[PDB]
Amino acid sequence: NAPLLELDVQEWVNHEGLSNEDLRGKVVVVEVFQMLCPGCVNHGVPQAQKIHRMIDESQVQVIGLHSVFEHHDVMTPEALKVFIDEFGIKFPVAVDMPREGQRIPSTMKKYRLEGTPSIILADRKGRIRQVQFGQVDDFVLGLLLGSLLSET
Amino acid sequence: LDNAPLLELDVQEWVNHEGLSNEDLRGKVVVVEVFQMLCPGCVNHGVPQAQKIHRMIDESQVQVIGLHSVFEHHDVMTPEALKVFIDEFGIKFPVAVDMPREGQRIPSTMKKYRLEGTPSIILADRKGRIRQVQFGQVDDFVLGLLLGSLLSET
Amino acid sequence: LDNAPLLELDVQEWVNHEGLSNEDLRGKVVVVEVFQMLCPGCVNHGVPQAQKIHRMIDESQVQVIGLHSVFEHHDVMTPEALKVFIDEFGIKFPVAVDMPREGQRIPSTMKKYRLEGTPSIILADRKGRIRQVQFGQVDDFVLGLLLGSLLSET
Amino acid sequence: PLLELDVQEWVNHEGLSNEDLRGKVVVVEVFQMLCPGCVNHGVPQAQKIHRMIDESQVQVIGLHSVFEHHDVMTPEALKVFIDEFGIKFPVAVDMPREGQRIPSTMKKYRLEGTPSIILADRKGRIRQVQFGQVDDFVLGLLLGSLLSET
Ligand SMILES: [Ca+2]
Ligand SMILES: [Cl-]
Ligand SMILES: [Cl-]
Ligand SMILES: [Cl-]
Ligand SMILES: [Cl-]
Ligand SMILES: [Cl-]
């Protein structure tokens with residue numbers, strides 16, 4: 001049933017890139033955001049920061065994926081890099097592979113996200129278990145992560 | 001985990017519910033919320049968190065239990081006052097009164113599990129083994145991670 | 001404003017402070033927080049909002065007064081229980097107990113101003129006259145606007 | 001000091017004359033589009049005032065004052081940010097000073113940084129300048145006081 005997680009990334013902006021084999025054996029949280037989205041800035045990113053800070057990469061890896069689908073000329077990777085420091089993000093952030101002639105970048109298209117913020121949760125076996133659009137409750141998110149972490 | 005104690009509560013009375021039994025509990029993750037009715041951290045944070053859990057997760061999976069352990073101002077935090085507290089705050093989950101001990105401020109369950117104070121949380125697994133005890137404010141995210149983890153264990 | 005009634009608390013006792021007269025209050029904006037110790041709206045929102053005002057604004061400008069108007073469950077919400085509530089929650093503003101009326105659940109100040117329940121706020125101006133009465137949750141910004149406005153009136 | 005702003009352009013609204021200003025309390029929210037404090041707290045709070053209080057009483061003004069990272073924080077970007085965050089109060093772009101990092105309005109009022117709030121009375125006179133996060137209640141008291149003053 002469930003598809004494997006395969007990110008299509010133009011570049012990793014603050015970290016060494018991650019292979020799939022790197023992420024296998026860990027639960028993965030991909031936070032998909034645009035830098036200029038209030039839902040992403042006020043809620044989703046800070047929620048990801050919290051996770052990264054609390055749990056170690058042995059167990060869970062947080063990946064930021066900047067998937068810009070509108071206003072491309074102002075949301076450049078240069079802009080992103082500033083946004084990242086300015087907001088103090090320390091987890092790995094990747095720019096979604098853009099597509100020629102297309103507003104929607106590749107990962108976002110492939111997994112058919114409704115928009116940003118979205119989160120993608122993958123299991124230790126590298127396979128996608130949840131995709132959620134919008135604001136996610138801290139409690140609900142904890143239950144979801146915990147569930148993934150402990151199942152055999 | 002070989003020595004994690006089994007959850008056993010020593011209780012004077014169940015205030016708003018028929019009492020649960022240990023059998024009733026097994027196969028469910030148990031959250032025990034240990035509170036005093038006039039403790040600000042409990043009223044502001046801990047009880048509303050337990051209420052949220054009770055609303056969100058079905059009783060077939062998680063059972064929330066309130067435990068009123070009065071360790072100060074006993075004459076004020078009576079079982080009658082607690083019934084009123086429960087009505088005023090709309091607490092729907094089952095609430096027990098910690099068995100008082102003659103001559104002592106600290107009640108029986110609080111003593112037994114060595115609690116620092118209120119609020120405290122006790123989490124037990126489907127087998128009844130106490131897996132976490134925590135004093136004070138607990139983040140919603142952390143709480144979810146702990147429960148989700150307990151819920152999915154083989 | 002000619003029509004506005006003066007603030008007149010009917011008080012059985014002042015629990016934590018020497019009593020205040022209207023004369024002591026004159027020249028100050030008065031905030032009266034009408035509460036029950038066991039009401040969620042009060043415990044969660046109104047009382048803490050009153051503490052914030054008390055901490056933030058000097059008594060040379062604004063006086064905060066607590067009025068405990070118990071209209072239900074009186075046996076549980078006695079003045080002794082109130083004293084404990086005050087200590088536990090760290091309330092440092094003066095608290096008065098609304099004078100009870102014999103044979104009736106609703107106390108005197110509450111009846112007189114026809115409060116809907118708790119929490120309520122009563123604001124009076126620098127000449128001691130009641131300018132607002134509000135039931136329920138009041139947003140912090142709106143309350144600031146209301147106070148700020150009274151403070152600067154001629 | 002009578003409030004006077006040095007504006008290169010108004011992005012989302014026609015220009016504000018003194019004639020528009022007169023008789024009103026004015027709130028100037030001085031911000032950067034990528035400054036967290038502005039984004040998290042200050043801009044939303046400004047939006048709240050604007051939503052809460054009619055324009056006939058209080059006029060909320062956003063002033064974009066880019067002192068760093070300039071090419072990022074362009075008037076083209078700002079329009080996008082306003083659109084994304086749904087800002088409906090008039091927002092003006094600081095006039096820049098040639099060869100200078102900090103702009104004209106920020107300069108003249110000796111503002112510490114972003115975010116900053118500038119409060120002016122009904123007669124247009126500047127009554128308060130404050131930097132950093134401000135409590136909703138405090139902001140209420142200050143505006144409330146200005147509104148009622150005679
Ligand atoms: Ca027992
Ligand atoms: Cl981070
Ligand atoms: Cl409940
Ligand atoms: Cl206080
Ligand atoms: Cl707005
Ligand atoms: Cl400039």
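FYI, side chains are in, hydrogens and waters are out, and symmetry mates aren't considered; it's all heavy atoms of this structure. Chain identifiers are assigned alphabetically (A, B, ...) following the order of the sequence lines, protein sequences preceding nucleic acid strands; residue numbering begins at 1 within each chain.
The shortest heavy-atom contact between D:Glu84 and A:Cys37 is OE1-CA, 3.9 Å. Shown here for A:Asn42 and D:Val39, the closest heavy-atom pair between the two residues is OD1-O, 3.8 Å. The shortest non-hydrogen separation linking D:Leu34 to A:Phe87 is O-CE1, 3.7 Å.
A distance of 10.0 Å separates CE in A:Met35 from CZ in D:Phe81, rounded to the nearest 0.5 Å.
With a 6.0 Å radius and a threshold of 12 heavy atoms from other residues, nucleotides or ligands, D:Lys107 has its NZ atom at or below the threshold. Within 6.0 Å of NZ in A:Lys110 there are more than 12 heavy atoms belonging to other residues, nucleotides or ligands.
Here the side chains of D:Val80 and A:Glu70 are not in contact, with every heavy-atom distance at 4.5 Å or above. The side-chain heavy atoms of D:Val72 and A:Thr76, taken from C-beta on, include no pair separated by under 4.5 Å.
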